[PDB]
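What follows is the residue order along each chain.
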Amino acid sequence: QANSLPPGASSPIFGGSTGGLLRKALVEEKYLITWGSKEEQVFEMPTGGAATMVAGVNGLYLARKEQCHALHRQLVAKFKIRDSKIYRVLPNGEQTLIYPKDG
Amino acid sequence: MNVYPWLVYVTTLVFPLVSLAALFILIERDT
Amino acid sequence: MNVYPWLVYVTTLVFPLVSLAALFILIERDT
Amino acid sequence: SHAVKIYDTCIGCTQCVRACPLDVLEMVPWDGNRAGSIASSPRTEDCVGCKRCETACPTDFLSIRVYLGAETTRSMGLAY
Amino acid sequence: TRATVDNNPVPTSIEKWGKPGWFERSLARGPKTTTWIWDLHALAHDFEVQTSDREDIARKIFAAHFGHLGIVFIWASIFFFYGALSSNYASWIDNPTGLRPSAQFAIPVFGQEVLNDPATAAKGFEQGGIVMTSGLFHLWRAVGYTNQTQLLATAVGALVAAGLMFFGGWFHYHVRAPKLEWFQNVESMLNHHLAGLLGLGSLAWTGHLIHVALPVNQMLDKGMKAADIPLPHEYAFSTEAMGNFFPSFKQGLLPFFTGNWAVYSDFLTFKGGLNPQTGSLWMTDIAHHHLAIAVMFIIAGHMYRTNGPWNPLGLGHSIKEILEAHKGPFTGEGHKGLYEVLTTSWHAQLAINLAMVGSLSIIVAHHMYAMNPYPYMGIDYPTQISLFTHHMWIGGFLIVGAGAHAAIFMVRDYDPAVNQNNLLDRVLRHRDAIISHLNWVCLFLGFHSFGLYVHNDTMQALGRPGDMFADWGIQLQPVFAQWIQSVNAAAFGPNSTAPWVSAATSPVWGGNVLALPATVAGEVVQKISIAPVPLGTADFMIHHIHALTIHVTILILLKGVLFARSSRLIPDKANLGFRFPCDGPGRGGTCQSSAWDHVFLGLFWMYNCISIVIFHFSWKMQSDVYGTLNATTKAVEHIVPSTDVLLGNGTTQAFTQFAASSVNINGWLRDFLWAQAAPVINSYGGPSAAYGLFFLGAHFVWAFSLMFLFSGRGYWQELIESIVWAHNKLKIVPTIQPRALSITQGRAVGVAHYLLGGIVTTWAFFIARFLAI
Amino acid sequence: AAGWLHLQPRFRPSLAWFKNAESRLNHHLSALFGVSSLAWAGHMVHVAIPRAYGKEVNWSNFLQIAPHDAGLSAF
Amino acid sequence: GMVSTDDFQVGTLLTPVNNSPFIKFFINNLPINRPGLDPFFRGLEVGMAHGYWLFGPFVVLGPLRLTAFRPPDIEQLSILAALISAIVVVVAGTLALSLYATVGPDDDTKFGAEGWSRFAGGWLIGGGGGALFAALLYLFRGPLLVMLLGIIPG
Amino acid sequence: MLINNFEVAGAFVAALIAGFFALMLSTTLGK
Ligand code: CLA
Ligand code: CLA
Ligand SMILES: CC1=C(/C=C/C(C)=C/C=C/C(C)=C/C=C/C=C(C)/C=C/C=C(C)/C=C/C2=C(C)CCCC2(C)C)C(C)(C)CCC1
Ligand SMILES: CC1=C(/C=C/C(C)=C\C=C\C(C)=C\C=C\C=C(C)/C=C/C=C(C)/C=C/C2=C(C)CCCC2(C)C)C(C)(C)CCC1
Ligand SMILES: CC(C)=CCC/C(C)=C\CC/C(C)=C\CC/C(C)=C/CC1=C(C)C(=O)c2ccccc2C1=O
Ligand code: SF4
Ligand code: SF4
């Protein structure tokens, strides 16, 4: 509904936490990390708890860009995943690439 | 005596009219 | 005893809350 | 936003882009060192001011200086 | 099982003694600055950053346990030597109520000999001495010591036991050390710490009480002196000597094997509360106690399943199946993972264990004033204040360490794969609700307890005593607590809920003031050891202070635990570690965001909690329990007098000093903290003059902390730049670099000196007040 | 609480539990009509008959005082 | 089962405190959320409930309350003082609500600044009226809590 | 001797438990 993924990305399995999105994501900005995984494996959320992600392309909306870049360094330092892309999602639906900026 | 008269006023007069207004909202508002 | 008590009520109680409300308007409205 | 300055005492050690939580910095080509690259900050609007780049600069005095300035939502680290 | 043990991992050498800092890689490069010195001390017992192998880590922890049990046996031997050479115990056994107990003097050097109290001077100890508050002598009288040479034998045996624990540590680390598979069979270790450690421990203690401690205490209570028998009233050859004290059933241990248990109802009783003659628990109730819990601890060590070469043995429970059987629909997948948590993480086990032993020491502090265990102990009031205060402080410290190692687990040993949809995972998914609701109930408790106190200061200052939350004004009666006092007082007689009890649980529940014979110069009986402890409006208020301080200490430490790994501010906090100063001045400033800082803040909030607890105890016991029976018409006169509260109409009403004055901060300042500090500041030139010196020195250390607490190191480092310039100008150049202290270590020095200064100030005040009256 | 419990889908029973109808008869004649009648007989011999003759039996003394001085040896 | 989340990025949990249907019927038909209501009436009903209960702590617990004062001569002063106290607390709430309105609100209500000012206005009238109504029923609690007809003659 | 107000308060605590369970069963029966 309000948090719609881009096509090609699937939601990782998560039970939902209270560390996630607040009103700012509705009204000012939110962020989205999207990465590729070769299996269904278990990672730690940057907002608390533990999630698992399926094989393929996974996407997750977070409140801050530091939360996405912390999830990116966790994927690098724990499961060697280096194709994470970070978008800044505006409330009207506009997505712009802010990591990696050089491509 | 051993009476709470304010409780008689609540549960026999105020609360049934309360309850009929709540059931009116339940049976007349669509969805 | 020569006291104006209503004046103490005005400028120690009413007028400071008045002044904080006016300063709130000064610091929270854009243009 | 905060003000990130790169001076001319840089050695291209690749430690201020690795230890930065927000990707403010990137390496551009340069001639005045042995790595052939100097740091730069085109993304200062996302910097929080956390100074982990200033912890990890191996010179005498740090070639990167971040100056604490005007505070935004992104620079105050707010998830709300 | 099978005790799989490796042979000789570590050779015994001296080569690492000449190299400090060998155990960590940055310390091994040599001292270059002074922070290495503090980094030498802070990383000495962090075995997880020394080696990465969890097996070797577990062996280091195991040899550390043996070395600690050795040092505790050295301390045990040290007070047994002091009770065995330079004590008044040969004369304290004949006068336990008129002679102050002492086991240490000050030698004739520098004028310190005014510290020798002349109310400890008796035969053998004819010098005076330092009055002790540990209550070792009443423990020793209750377990049957009548002689100083057997105290010397206990002292020698405790040194031998210290040597055995050190040789066990050197053997089980350096020669023959166990593996990681030995530690993780938690079922067998629970079965042999219940049935063997606690079960046989209190069964053998029941054996000590029956053979030694009940007859010697019956001889000390029937009136004979220290000339006793310690060897001929024992064993088989004087079985009839067990009949000369209190009739040993019919004959021998024959009614034990035949099952008629009722003929032992003379030295295993269920009488009830305290003895009127000695002010303490009946020793037969103590023996039947330790036997019944001894039995139920051997039943408790028969629960968990252990499989081996024992054929029919091997029925029971695995802990993992129990934990993975309790799931629920609210709590997802329940306790799955918690067995792997508690069998691979040491910090989680240490968090649970510090919580339990600190809670248990607080439980110990309540029940030992509440039921007095040892003869003539409750009338020695410095010992009562000191053991309540001691076990409260040790309990609060271990609860702060429980919060510490729960956060250290959450930093270090948290695995997301193990903790998938368990209780530990979903606590982290709604940590904002827990900490915010905790923040609300701390605000509610603080307003609705302290603002009541502030209201009482205000209305008593404004001349409105009837407007006060007090027993004479707006009454706040603890009706649930008073009702539970009525239930535990009423449950002893016939047609009650415990029909065969003679003298209830305790006299604090609302039954009878109990008094003991003592001298006090040339006086009469007096000496209320114990009394009913009534609850009024001031008890409501002080207990909601206690709920406030407990809840804020929970809020700080639990916010350290659940936000150890991540927050909305710092999502990568677990990579920064347990112990880091900050993550910089950005995001507004991230000072004291580590979970270590929450242990640092929760230490002061524990200080607040336990200080108000021991303040409640000091004023409460002093105002409603402790005191004197008057020689005319046996009237109760407490240690502080009753206060005639001036009412608003003009008349007075008599209340006690806690009931009148502990409802506001002015009465706490004046009648508790100004009035009872008169014997710590007037103590000079006499036997309590050290407690005045410790009082002033601890005021110094407490204020000295605030330099470290309120400042930071960049000031100090550019100051040490000027002092290092002064040293290099005169060719005085240290190779080890003079540094300012680090941010975390400056906070640690400040919390250490704040804690040392406040608790030693309060120690000096309590002992120097309670020795006087 | 039992009705709210038996509305939850773990504790809702099956249609076969409702239409069992032998075991329902066995349990109602055994427990609902017989154990309750036996329990009421126990109430009359423990409480009602001694309190009709002036002697008071309550929930604190029922384990100590028997209905009859030839108690349970006569059974 | 009981705890779902139904948008797992949003930091909230859908729980039987949150998502039980009678709790949603209660909260969603409290006057600030009950559909079909102009913001003034929402403020009016909120004020009446609040101003009615606000009279109570001031009359039982205030500076004029006791049985050791001068007859029930001080009781009318107690009722009047508690009445003025509850109305001025409602005035402070009105000031709060209208300082919220006049600086330009951004919230999940679809009230404007004008809508929150209607709420502030209804809050003030309802609150002072609820104080006045609680004062009149507190004046009437003598005859209300007894059978009044029966002691009076004729 | 009749019963006083604290025993009425205990009965109302008991009836609050009963009313909570009544409310739960009636709302789940409404589904
Ligand atoms: C069973 C008890 C127990 C055990 C085994 C541990 C074990 C450990 N703790 Mg710990 N802790 C505990 C209880 C315990 N703690 C309690 C009760 C508290 C609350 C106070 C804490 C709070 C705590 C914190 C905040 C930290 C630890 C840390 C650690 C780890 C390393 C500590 C070290 O290197 O030694 C070094 C010891 C020192 C440098 C001594 C410090 C100075 C002392 C406190 C002053 C002593 C004053 C003395 C008592 C009285 C004055 C005498 C004086 C005048 C002479 C280690 C695994 C550290 C860690 O990094 O975890 C991995 C750390 O961050 N603990
Ligand atoms: C005496 C000094 C003092 C005071 C008053 C406080 C007060 C508070 N602390 Mg703090 N703290 C202190 C020292 C103090 N602390 C120190 C030295 C440290 C360093 C270790 C800390 C570290 C600390 C931490 C880490 C935390 C607190 C928390 C809290 C809050 C607890 C909630 C509560 O009690 O309810 C109510 C408030 C009070 C009891 C304060 C007094 C209120 C008065 C009586 C009411 C005044 C009436 C009215 C408003 C006045 C209007 C007049 C008008 C002219 C303005 C509270 C506001 C915790 C928190 O935030 O939880 C909610 C929290 O986690 N403190
Ligand atoms: C949630 C809930 C609850 C609670 C409740 C409550 C909280 C209560 C209450 C209550 C209340 C709180 C009520 C109230 C009220 C009121 C009223 C009824 C009012 C009024 C008024 C009026 C009528 C006024 C008028 C006026 C005006 C406005 C103008 C002019 C003046 C006058 C006066 C005329 C319970 C759990 C129990 C149950 C379930 C649900
Ligand atoms: C010049 C000099 C000097 C001087 C110095 C000074 C001036 C000082 C001071 C100081 C002060 C001014 C103070 C103080 C204090 C202390 C304290 C405060 C302590 C302690 C400790 C302890 C050891 C503790 C103990 C305890 C515990 C453990 C707990 C409980 C309680 C008690 C007490 C028991 C000297 C002599 C060195 C020498 C030469 C040089
Ligand atoms: C045998 C024996 C005892 C030998 C003693 C060994 C010898 C000879 C010297 C050892 C030097 C000593 C005893 C202390 C140095 C401690 C020091 C540099 C403090 C300055 C300082 C203060 C005052 C703060 O408040 C503070 C606050 C927050 C952060 C940092 C700081 C800080 O850095
Ligand atoms: S600014 Fe410092 S950390 Fe960054 S490349 Fe240059 S020398 Fe390395
Ligand atoms: S003041 Fe100290 S603790 Fe605070 S952010 Fe700066 S360096 Fe860190």
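Method of structure determination, per the deposited record: cryo-EM was used for this entry, reaching 2.4 Å resolution.

Our focus in this paragraph is the overall build of chain G. Scanning chain G from N- to C-terminus turns up five helices and zero strands. Overall, chain G is about 70 × 40 × 35 Å in size when its C-alpha atoms are taken along their principal axes. Evaluated residue by residue, chain G yields a buried proportion of 35% over its 154 residues. Total accessible area computed for chain G in this model is approximately 9,000 Å², and 71% of it derives from carbon and sulfur atoms. Positive and negative charge centroids in chain G, built from 8 and 10 side chains respectively, lie 10 Å apart.

For chain B, the helix and strand inventory stands at one helix and zero strands. The C-alpha extent of chain B, read off along each of the three principal axes, is 50 × 10 × 10 Å. The 31 residues of chain B split such that 3% are buried. With the model as given, the accessible surface of chain B reaches about 2,900 Å², and the carbon-plus-sulfur share is 74%.

Now for the packing of aromatic side chains. Residue and element names in this part refer to chain E. Across all of its chains, the model carries 63 aromatic pairs over all chains by this definition. Judged by centre distance (6.3 Å) and plane angle (15 degrees), the ring pair of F615 and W668 falls under stacked. Within this pair, whereas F615 is found in helix α20 (residues 595–624), its partner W668 is found in helix α22 (residues 665–674), the two being separated by 53 residues in sequence. Accessibility expressed as a relative area gives 14% for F615, which makes it buried.

Moving on to the packing of α20(E) against α22(E). All names here are of chain E. Look at α20 against α22: their axes get within 11 Å of each other, and the N-to-C directions meet at 70 degrees. As the angle between them shows, α20 and α22 are arranged roughly perpendicular. Here α20 runs over α22; the crossing is left-handed. Residues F615, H616, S618 and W619 of α20 form the contact with α22, whose participating residues are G667, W668, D671, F672 and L673. Looking at the contact of α20 with α22 residue by residue, the classes come out as five nonpolar, three polar and one charged.

Attention shifts here to the site of ligand 5. All names here are of chain E. Near ligand 5 you find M707, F708, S711, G712, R713, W716, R739, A740, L741 and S742, and these make up its full shell. The side chain of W716 places a nitrogen or oxygen atom 3.5 Å from an oxygen atom of ligand 5. Between ligand 5 and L741 there is a distance of 2.7 Å, counted from an oxygen atom to a backbone nitrogen or oxygen. With the chains in place, 45% of the 800 Å² that ligand 5 exposes on its own is no longer accessible. In the shell around ligand 5, the residues fall into five nonpolar, three polar and two charged.

Residues and elements named next belong to chain E. Around ligand 2, the structure places 13 residues, and the nearest of them are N439, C442, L443, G446 and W605. Here an oxygen atom of ligand 2 sits 3.3 Å away from a polar atom, N or O, in the main chain of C442. Within the backbone of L443, one N or O atom sits 3.1 Å away from an oxygen atom of ligand 2. Every element with two or more residues in the shell around ligand 2 is listed here: α16 (431–461), α18 (537–562) and α20. With six residues, the top contributor of residues to the shell around ligand 2 is α16. A per-class count over the shell around ligand 2 returns eleven nonpolar, two polar and no charged.

A separate point is the interface of chain A and chain D. Contact with chain A, which involves 17 residues of that partner, is made by 15 residues of chain D. In total, chain A and chain D occlude about 1,400 Å² of area from one another, counting both sides; carbon and sulfur atoms represent 46% of this. Considering only the surface of chain A that becomes buried against chain D, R64(A), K65(A) and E66(A) emerge as the three largest contributors, covering 33% of it. Where chain A touches chain D, the interface holds three salt bridges. Here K65(A) makes a salt bridge to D46(D), at a shortest N to O gap of 4.0 Å. At the level of secondary structure, the elements contributing two or more residues to the side of chain A that touches chain D comprise α2 (65–79) and β6 (95–99) of chain A. It is α2(A) that contributes the most residues to the side of chain A that touches chain D, five residues altogether.

All names here are of chain A. When you tally the buried positions in strand β1 (residues 30–37), you get seven out of eight residues, the bulk of the element. Inspection of the sheet shows β1 paired to strand β5 (residues 85–89) by five bridges, in the antiparallel sense. Bridge pairing links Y31 to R88 in β5. Direction of pairing for β1 relative to strand β4 (residues 56–62): antiparallel, over a ladder of seven bridges. Bridging across to β4, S37 finds its partner in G56.

Close approach of charged atoms lets side chains of opposite charge pair. For the structure shown, the criterion picks out 38 salt bridges over all chains. In this structure, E29(A) and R74(D) form a salt bridge, with 2.8 Å as the shortest nitrogen-oxygen distance. A residue pair is termed interchain when its members come from two chains, as with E29(A) in the loop between α1 (23–27) and β1 and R74(D) in the segment after β4 (64–67). Assessed through its relative accessible area of 2%, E29(A) is described here as buried. Given the relative accessible area of 26%, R74(D) is considered partly exposed. Several salt bridges share partner residues, and in doing so they unite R64(A), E66(A), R73(A), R52(D), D572(E), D583(E) and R587(E) into one network.

Residues and elements named next belong to chain E. Helix α26 (residues 743–770) packs onto helix α24 (residues 689–710) with a crossing angle of 160 degrees between their chain directions and a minimal axis gap of 7 Å. Relative to α26, the element α24 lies roughly antiparallel. Between α24 and α26 lies a crossing of left-handed hand. By residue class, the composition of the contact of α24 with α26 is 20 nonpolar, eight polar and one charged.

Attention now goes to the interface of chain A and chain E. It is common to report an interface's size as the accessible area lost on association of the parts. Tallying the contact residues gives 22 residues for chain A and 21 residues for chain E. Contact between chain A and chain E buries roughly 1,600 Å² in total, counting both sides, with carbon and sulfur atoms accounting for 47%. Broken down residue by residue, the surface that chain A buries against chain E is led by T18(A), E44(A) and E66(A), which jointly contribute 30%. At the boundary of chain A with chain E, the tally comes to three salt bridges. The tally of links from chain A across to chain E stands at ten residue pairs in polar contact. Elements with a contribution of two residues or more to the side of chain A that touches chain E: β2 (41–44), β3 (50–53) and α2 of chain A.

The next subject is the side chain of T133(E). Residues and elements named next belong to chain E. Take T133: it is sitting in the loop between α3 (89–92) and α4 (136–143). Among the residues examined, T133 registers a relative accessible area of 14% and is labelled buried. A distance of 3.5 Å separates a polar atom in the side chain of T133 from a polar atom in the side chain of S386. In contact with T133, other than residues within four places in its own chain, are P382, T383, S386 and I767.

On to the arrangement of the chains, then. The interface with the most contacts, out of eleven pairs of chains in contact, is the one formed by chains A and E. You won't find any contact between chain A and chain B; their C-alpha atoms come no closer than 21 Å. In this assembly chain C lies apart from chain E, the nearest approach of their C-alpha atoms being 18 Å.

All names here are of chain A. Read across the sheet, four strands follow the order β4-β1-β5-β6 without closing on themselves; strand pairing throughout is antiparallel. The open sheet has two free edges, formed respectively by β4 and β6, since each of these has just one partner strand. Across the sheet, the axes of successive neighbouring strands diverge by a mean angle of 30 degrees, strand direction being ignored. Running at roughly 15 degrees to β1, α2 makes contact with β1, β4, β5 and β6 of the sheet.

Most peptide bonds are trans, and most residues other than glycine sit at a negative phi. Following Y99(A), the chain continues to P100(A) via a peptide bond in cis, the omega torsion being -15 degrees. As for its placement among the helices and strands, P100(A) is situated in the segment after β6. Backbone geometry at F110(E) places phi at a positive 65 degrees, although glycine is not the residue there. Its place among the elements puts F110(E) in the loop between α3 and α4. Residues other than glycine seldom take positive phi values, yet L72(F) does so here, at roughly 65 degrees. Within the secondary structure, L72(F) is located in the segment after α3 (23–52). Owing to a relative accessible area of 77%, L72(F) belongs among the exposed residues under this scheme.

Procedures and definitions
- Residues numbered from 1 in each chain as written, not as in the entry; some residues may be left out.
- Chains lettered and ligands numbered in written order.
- Part of a larger assembly, values for the part shown.
- Heavy atoms only, no water.
- Residues with missing side-chain atoms left out of burial classes, pairs and counts.
- Helix = DSSP H or I, 4+ residues; strand = E, 2+ residues; numbered from the N terminus.
- Buried < 20%, exposed > 50% of the residue type's maximum accessible area, 1.4 Å probe, protein only.
- Areas by Shrake-Rupley, 256 points an atom, 1.4 Å probe, with all protein chains shown as cover.
- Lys, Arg positive; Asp, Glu negative; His and termini not counted.
- Charge placed at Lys NZ, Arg CZ, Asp CG, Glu CD.
- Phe/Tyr/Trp six-rings, centres within 6.5 Å; stacked < 30°, edge-to-face > 60°.
- Axes fitted to C-alpha atoms, helices over the stretch in contact; angles between N-to-C directions.
- Parallel < 35°, antiparallel > 145°, perpendicular 65-115°, else oblique.
- Left-handed = near helix turned anticlockwise from the far one by under 90°.
- Contact = heavy atoms within 4.5 Å.
- Nonpolar A, V, L, I, M, F, W, Y, C, P; charged D, E, K, R; others polar.
- Near = heavy atom within 4 Å.
- Polar contact = N/O pair within 3.5 Å; in protein donor to acceptor, adjacent residues only side chain to side chain.
- Buried area = accessible area lost by both parts, 1.4 Å probe.
- Salt bridge = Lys/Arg side-chain N within 4 Å of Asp/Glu carboxyl O.
- Pairing = 2+ DSSP bridges.

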